[PDB]
Structures are given as structure tokens and as C-alpha cells.
Amino acid sequence: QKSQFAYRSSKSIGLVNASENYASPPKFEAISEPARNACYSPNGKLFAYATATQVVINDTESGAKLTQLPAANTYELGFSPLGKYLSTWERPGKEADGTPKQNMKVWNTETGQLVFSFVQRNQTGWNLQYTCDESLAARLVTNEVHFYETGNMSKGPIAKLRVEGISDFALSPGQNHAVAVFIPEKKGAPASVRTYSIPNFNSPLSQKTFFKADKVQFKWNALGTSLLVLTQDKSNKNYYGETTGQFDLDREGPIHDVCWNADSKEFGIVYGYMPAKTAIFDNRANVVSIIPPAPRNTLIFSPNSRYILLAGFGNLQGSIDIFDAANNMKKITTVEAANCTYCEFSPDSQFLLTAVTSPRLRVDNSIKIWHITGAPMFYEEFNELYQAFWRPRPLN
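Residues numbered from 1 in each chain as written, not as in the entry; some residues may be left out. Heavy atoms only, no water.

Chemist: I would appreciate a short explanation of the overall build of the protein in the present structure.
Modeler: Looking only at helices and strands, the protein features zero helices and 34 strands. In terms of overall dimensions, the protein is globule-like: its C-alpha atoms have a radius of gyration of 22 Å, near the 21 Å expected for 396 residues. Viewed in the frame of its principal axes, the protein has a C-alpha envelope of about 60 × 60 × 35 Å. By the burial criterion, 50% of the 396 residues in the protein qualify as buried. Side chains of the protein give 39 positive and 36 negative charges; the mean places of these two sets differ by 3 Å. (Helix = DSSP H or I, 4+ residues; strand = E, 2+ residues; numbered from the N terminus. Rg over C-alpha atoms; globule rule 2.2 N^0.38 Å. Buried < 20%, exposed > 50% of the residue type's maximum accessible area, 1.4 Å probe, protein only. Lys, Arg positive; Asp, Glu negative; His and termini not counted. Charge placed at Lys NZ, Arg CZ, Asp CG, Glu CD.)

Pasting the structure below:
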């Protein structure tokens, strides 16, 4: 329909229908206060932006304001998978008497009701995780993991997890709800990774342990069946879990990016000291494609799982290449976006957005939308641009 994206600069904030000669939906206008943050719901039906005083939820079709949240001093925002809940991280603190304040609260989007409120100090892993049906939520306590019913989480944890000494965890986005958890290294014991079905707390699905591991990184695919695991000062190594006791490098050095494919059939890796080589796999850990060493640090799959992007960010001279899984890994396009700090396919995988953002860069902030062929369709100069992103659509 309309190729809509959002933008927020130091000067303004708005939604832009690229199919409409780049105009905003008629019923849209921001708050008195300057915006400090913004985001879309996973299905792109809603838009939220944060100002000092309040938080406003709009309709991405009309731009019409829908909901008002009395959330002040916010820094982070997050939509639940079906956008029926929105979480707001504030900066932590203590109450008049001395009580720690409820930094992050959960809100309803069609009633504007404060359903819940937690105390937290971290910004990393702040939000609740959710199932895809948005029926279950998950919080992280020392040496425990809590589960909730999203409909009625006020009553408390409907379920808890047995295992002890949990450092981080990650839910499954499959049809049937599953969990993946991690235990940091202690004395006389290595780190460990665990998977559980939510029905089965009693019966683990995987129980693996890992050494010289203080940290970890989980990467489920769209189908909650397979799961990548990454051990990460002196060394880094990459593992694989497939739920079920399943385990499955050509260049010595760091892995720069790890990414699944939208169809959950393939995945790729940007690894080793530069120029970084790139390898595409299958759901089995077998190579499909070997992209030769190039100055790249970032890999992205197109939503339609047809195109593969390979770029270099975090520095100047940032080019972009686009490869085609269907055409024998042909390259069809090479563009450059120097100092690009953000890049993303349009929902229909036909266009490509690039941007340069502050404070990751205080010079040359801009927006540029590209065809999949290489032909630009838009460009806009900013002084201090903060974010710019597509309005996500499902199964277009």
C-alpha cells in the first residue's frame, strides 16, 4: 500500500508515506515537548514516541492519537508482539520515604491502564519477553525466571523455573512456547545452557555446559525449533542448540554479525579479521555460499528471504552489497553509504533505507531510500537526526 517509515530528528518527528509523495498521515501531530524516543509495534499498526511529559500512541494509518500514558523521564519503549502492551523504562530512583521507585511499568494500549510496575536498574534486558501469541510474559530474577499470563499478570507469576544461578535467558517465538536459559561460570564449574518446554518444566530438552564462558548470546529463528548460541575477553566461540542435545571459523578472529533468515531455512556469518569473509548455511550447519573477504561487518537478510545484504558500518567508506540466494548468490547491486549507522529493507524487500544518526555521528545526518536495483528514490539532509525506520508489515 503505502511505504511508510518514521523519523525523529532533534528538530522534528513524524511519519512519512513514501508512496504519497512523502506526506504524513493527516491526523498526526506531536506533543508540546520535544520527542526523545520512538518505535513501531511489531506489526506496525501502532506508533509510540516519548517526550519528557507524556507518551503518545498513534494510528499509523490516519496518524490519529489514540492513547495517553503519563510516563515521564522515559528512555526506552517496547511493544508486545501484538501491540496490546507497551513497556516504558524510566531512570531508576528512590521514593520519598526511601522506597525504590517502579522504574518500568507495563501499559495497555487500548485503555491506557497501568497494568503493572517493576523496579529495575539495568537498561540491558530491561523489558519483559513475550510469546508470539502474547499470552505469556517473562521477567528475570537472580537464580530464578518468572512466567506470567499477559491477560492477568497482576495476580503474579503463574509459573517459575527450577534451575539456579541464572544470568540471562531467551524465549522462543515458535507456535509452541519454549525457553532457553544460561548460567554464568562459577568456581569449580563451567557455564551452562539449558532449554525447556513451557508445559514441561519437569523435563529439560537440553542440558549442556560450556567453559571459559562468562557471557552468552541467544538467537532463535522465526520457527522456534533451532537456536544459535554464542560464547563471548581473550576468546570467543560459537555454538548451536536444536530443540534436544544437538550441536552443529574458516578465518581466525572475531565474528562480526550473526543472523538467521526470515524463512528460518538459512543463516549467515560475518567472521574473522578484515577483510571479513562471509558464509551462508542451511538449517543444517552446512555451507551454501562463501562470500569472499571484503570490508564488511554486518549481514542482513531480506524479509522475503530472497536477498542478502552485506555492509560495513561504524566507520567511513561504508559500502553496501546485495546478493541473491535464488540466483546463485549473484550480486545485483553495490551502493555506498559512508558513515551509515542504520540500514533496513522495506517490508516488501523491494526497497532499502539507509541513515546516518546522532549521537553515533554528530555530522552528515541524513535519510536515503534506495531501490533494490540501486536507483535512489529519496534523500533528505538533517542536522541532528536520531532515528528513522520502516513501518513493519506482516506477510505483504
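Chemist: How should the environment of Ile290 be read in this particular structure?
Modeler: Tracing the backbone shows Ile290 in strand 25 (residues 287-294). The spatial distance from the C-alpha of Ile290 to the C-alpha of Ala355 is 28 Å, given a sequence separation of 65 residues. Ignoring sequence-local partners within four residues, the contact set of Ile290 consists of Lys277, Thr278 and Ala279. (Contact = heavy atoms within 4.5 Å.)

Chemist: What is the right way to read empty space enclosed by the protein from this model?
Modeler: A water-sized probe rolled over the atoms picks out the places where empty space is left. Counted as a void, the second largest cavity has a volume near 30 Å³. In terms of residue count, the dominant contributor to the lining of the second largest cavity is strand 20 (residues 226-231) (three residues). Class assignment for the residues of the lining of the second largest cavity results in four nonpolar, two polar and one charged. (1 Å grid on protein atoms, 1.4 Å probe; cavity = no way out; pocket = protein on both sides within 12 Å on 5 of 7 lines; lining within 4 Å. Points joined across faces, edges and corners; volume = space filled by probe spheres on them. Nonpolar A, V, L, I, M, F, W, Y, C, P; charged D, E, K, R; others polar.)

Chemist: Just to check I follow, could you spell out the side chain of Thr60 for this structure?
Modeler: Considering the arrangement of structural elements, one finds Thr60 in the loop between strand 5 (55-59) and strand 6 (65-69). Accessibility expressed as a relative area gives 1% for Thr60, which makes it buried. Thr60 has contacts with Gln4, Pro25, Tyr40, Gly44, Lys45, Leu46, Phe47, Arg391 and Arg393, leaving out every residue within four places of it along the chain.

Chemist: Quick question: what am I supposed to make of the layout of surface pockets here?
Modeler: Considering only enclosed or pocket space, the largest pocket measures out at about 1,700 Å³ in volume. Taken together, 40 residues make up the lining of the largest pocket; nearest its centre are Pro42, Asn43, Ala222, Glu344 and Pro392. At the level of elements, strand 3 (35-40), strand 11 (129-130), strand 15 (168-171), strand 22 (255-260), strand 26 (298-301), strand 30 (342-345) and strand 34 (385-390) are the ones that each hand at least two residues to the lining of the largest pocket. The element contributing the most residues to the lining of the largest pocket is strand 34, with five residues. Tallied by class, the residues present in the lining of the largest pocket amount to 29 nonpolar, seven polar and four charged.

Chemist: Could you clarify how one ought to interpret the pairing of strand 34 in this entry?
Modeler: Regular strands place side chains that alternate from one sheet face to the opposite one. Most of strand 34 sits out of view: five of its six residues are buried. In the sheet, strand 1 (residues 4-9) pairs with strand 34 via five bridges, with the strands oriented antiparallel. Counterpart to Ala6 in the pairing with strand 34 is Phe389. (Pairing = 2+ DSSP bridges.)

Chemist: Mind showing me how you'd approach the sheet that holds strand 6 here?
Modeler: Within a sheet, each strand pairs with its neighbour through backbone hydrogen bonds, oriented either parallel or antiparallel. Strands sit in the order 3-4-5-6 across an open sheet of four strands; the sheet is antiparallel. Two strands lie at the open edges of the sheet, namely strand 3 and strand 6, each paired on one side alone. Each strand of the sheet is rotated relative to its neighbour by a mean of 20 degrees, with strand direction disregarded. Sheet analysis places strand 4 (residues 46-51) next to strand 5, joined by five bridges and oriented antiparallel. Across the sheet, the residue bridging to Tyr49 is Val56, located in strand 5. (Axes fitted to C-alpha atoms, helices over the stretch in contact; angles between N-to-C directions.)

Chemist: Is there a simple way to think about the UniProt feature "repeat: WD" in the protein in this case?
Modeler: If you check UniProt for "repeat: WD", the listed places come out as residues 69-117, 250-291, 292-333 and 335-380 in our numbering. The span residues 292-333 is 0% helical and 52% strand by assignment, and the distance between its end C-alpha atoms comes to 16 Å. A helix fraction of 0% and a strand fraction of 50% characterise residues 335-380, whose end C-alpha atoms lie 17 Å from each other. (UniProt positions renumbered as here; feature names shortened; annotations may be inferred.)

Chemist: Explanation requested: unusual backbone geometry in the structure shown.
Modeler: Among all residues except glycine, the phi angle is most often negative; among peptide bonds, the trans geometry is most common. Following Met274, the chain continues to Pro275 via a peptide bond in cis, the omega torsion being 5 degrees. Here the bond from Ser358 into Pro359 is cis, since omega is 0 degrees, no more than 30 degrees from zero. On the secondary structure map, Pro359 appears in the loop between strand 31 (351-356) and strand 32 (366-371). Even without being a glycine, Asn21 presents a positive backbone phi close to 70 degrees. Mapped onto the secondary structure, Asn21 falls in the loop between strand 2 (13-17) and strand 3.

Chemist: In this structure, what is going on with the sheet that holds strand 25? I would like to understand it.
Modeler: Read across the sheet, four strands follow the order 22-23-24-25 without closing on themselves; strand pairing throughout is antiparallel. On the outer flanks of this sheet lie strand 22 and strand 25, each paired with one strand and no other. Direction aside, neighbouring strands of the sheet carry axes that sit 10 degrees apart on average. Alignment of strand 22 against strand 23 (residues 266-271), held across five bridges, turns out to be antiparallel. Looking at the pairing, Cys259 lines up with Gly268 of strand 23.

Chemist: Even after reading the chapter, I still don't get the pattern of salt bridges, so can you show me in this structure?
Modeler: Note that side chains of opposite charge can pair when their charged atoms are close. Under the criterion given, the structure shown has seven salt bridges. Residue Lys2 pairs with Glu20 through a salt bridge whose shortest N-O separation is 3.4 Å. Placement of the pair is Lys2 in the segment before strand 1 and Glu20 in the loop between strand 2 and strand 3, with a sequence separation of 18 residues. For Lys2, the salt bridge is made with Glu61, and the minimal N-O distance between the two is 3.8 Å. On the criterion of sequence distance, the pair formed by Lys2 in the segment before strand 1 and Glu61 in the loop between strand 5 and strand 6 is long-range, its members being 59 residues apart. Beyond isolated ion pairs, a larger network of salt bridges with shared partners links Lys2, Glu20, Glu61 and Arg391. (Salt bridge = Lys/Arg side-chain N within 4 Å of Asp/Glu carboxyl O.)

Chemist: Help me understand the pairing of strand 31 in this model?
Modeler: Within strand 31, five of the six residues are buried, leaving the element largely enclosed by the surrounding structure. Looking at chain direction, strand 30 and strand 31 are connected through four bridges and run antiparallel. Paired with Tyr342 across the strands is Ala355, a residue of strand 31. Here strand 30 hands over to strand 31 after five residues, with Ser349 in that stretch at a positive phi of 60 degrees. Alignment of strand 31 against strand 32, held across six bridges, turns out to be antiparallel. Among the inter-strand pairings, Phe351 is bridged to a residue of strand 32, identified as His371.

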